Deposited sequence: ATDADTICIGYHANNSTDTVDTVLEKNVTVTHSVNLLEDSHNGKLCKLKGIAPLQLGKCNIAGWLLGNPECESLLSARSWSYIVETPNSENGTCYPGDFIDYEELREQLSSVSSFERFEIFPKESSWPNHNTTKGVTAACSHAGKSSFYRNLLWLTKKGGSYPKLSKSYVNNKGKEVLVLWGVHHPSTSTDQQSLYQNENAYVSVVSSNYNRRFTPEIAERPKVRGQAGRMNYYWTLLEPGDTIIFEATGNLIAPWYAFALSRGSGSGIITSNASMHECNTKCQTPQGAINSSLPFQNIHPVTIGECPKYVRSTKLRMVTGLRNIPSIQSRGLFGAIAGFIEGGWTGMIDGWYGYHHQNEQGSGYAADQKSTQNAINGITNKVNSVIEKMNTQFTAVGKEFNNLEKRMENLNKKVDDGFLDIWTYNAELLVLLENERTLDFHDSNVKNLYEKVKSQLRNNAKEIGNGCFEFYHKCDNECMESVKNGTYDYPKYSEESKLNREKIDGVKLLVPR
């Protein structure tokens, strides 16, 4: 008696197909990664910059609460906390603030330098008195660390003309502000000139600012407003500041060195001494799987984000522990014989085919690189909605593609196993023409006596029908 059957084990893995659901299988692999360390890790051995209680504006402007960020020179990515309220301590509007955040997301490191020294640049203006109650630090009134508030000296504010040439060989980010007093008396008290103008002109940048005086609601106990501006100075370019008052002079500037793969994320996780190639706001991921469902925002080489709850693809056979049954005892291979040993050559071909199938799926799913969210102002809702449609639309398609391929391959994988096991049984039948009775349950009843060597010959494929045709019986 020789039988043909398939493998069975103690495996509770369940898969889904198009025709049937929750099919228990002997072997399977999970294509969805759902585990993360929950910590902010170092990227490329470079620590990320944690803003803490500060936003992007407060960090670059030099907010007094953000002085710990001043001594930072290099980072892999920028982390902002959900309660990042310290920016622009003096009320006002940051022009092109969202655009500046986009520019910094491509900045890997900058060098902070004193573009205009406070004591040397302005001898005819008062560099002191430039402190406000809104920007109070340690109980005392203070001001931005990168900006200087210039006021009248000796009751006179002479015309100011300051120029700077970019000798750093890099893009230079220059920040300045224009102050809008609440009353005409406050204008004369601070700048002596009632009608004043501010001019900032470079080779590629030209803008003039006229202070506006009006009754305004108090924000942080300040009726006045400061409008903050920025520009990028190309190497060799000259920027000229011409003002008769209300100018917030640039005390410090940044020489930018551009990189790739950086971004700005909002995370509630804590930084720990770990290194990863994939970082999410919820935690870092160390996985070679094609898909993940942790967070859509990624930094570095990461699996593609999908909304799928489960993505399990079949790599083995159906687990029927009860050919109408899988032999749990046959642990050597997927296909084999009873009276129980396993046919390695047929199993090895199936293993190679399944391994190539799994590798093809991973090949199709490319690694997702840094994808960071964008910020929009109150008059940019249409772009915000258009950006949201793009993100949701691509996520909608990829979730559909991932789930559909798994179901199709699960049905294809199971049919691959059934066809191979039938061919092995039929191969034996072609070897055994009337020498064995066809029981029909996957077993053969030999009319002759088959020793251990006799059985091995059939498995090897070199079975001689004439040799055991003499013992014709019944």
property: Deposited sequence positions missing from the model - stretches, numbered from 1, in order; result: 1-5, 328-340, 358-364, 500-513
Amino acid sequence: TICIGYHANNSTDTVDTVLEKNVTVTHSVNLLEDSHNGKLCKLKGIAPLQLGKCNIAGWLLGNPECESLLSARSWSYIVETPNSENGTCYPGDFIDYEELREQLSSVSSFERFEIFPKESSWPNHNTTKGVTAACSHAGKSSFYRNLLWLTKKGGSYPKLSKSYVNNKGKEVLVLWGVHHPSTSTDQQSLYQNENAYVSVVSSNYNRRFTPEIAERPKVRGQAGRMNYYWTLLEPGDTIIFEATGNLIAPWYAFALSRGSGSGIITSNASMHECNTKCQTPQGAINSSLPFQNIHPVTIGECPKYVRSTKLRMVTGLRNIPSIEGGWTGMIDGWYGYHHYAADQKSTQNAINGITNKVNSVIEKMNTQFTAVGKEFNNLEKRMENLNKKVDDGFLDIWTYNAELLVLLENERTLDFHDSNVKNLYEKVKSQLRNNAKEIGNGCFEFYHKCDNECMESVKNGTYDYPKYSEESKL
From here on, numbers count along this sequence of modelled residues.
property: 386-394 set against 121-129, stretch whose average Cα temperature factor tops the other in the entry; result: 121-129
property: Entry-level comparison of average CA B-factors, 52-60 and 424-432, reporting the higher stretch; result: 424-432
property: 350, 223, 265, 147, ranked by C-alpha B-factor: the highest one; result: 350
property: Options 66, 443, 405, 43 - largest CA temperature factor per the record; result: 443
property: Lowest, middle or highest third - CA B-factor, residue 96; result: lowest
property: Ranked C-alpha temperature factor of residue 258 among modelled chain residues, by third; result: middle
property: B-factor third for the C-alpha atom of residue 295 within its chain; result: lowest
property: Where the record places residue 362 (Cα B-factor, split into thirds across the chain); result: middle
property: Relative C-alpha B-factor of residue 177, binned into the chain's lowest, middle or highest third; result: lowest
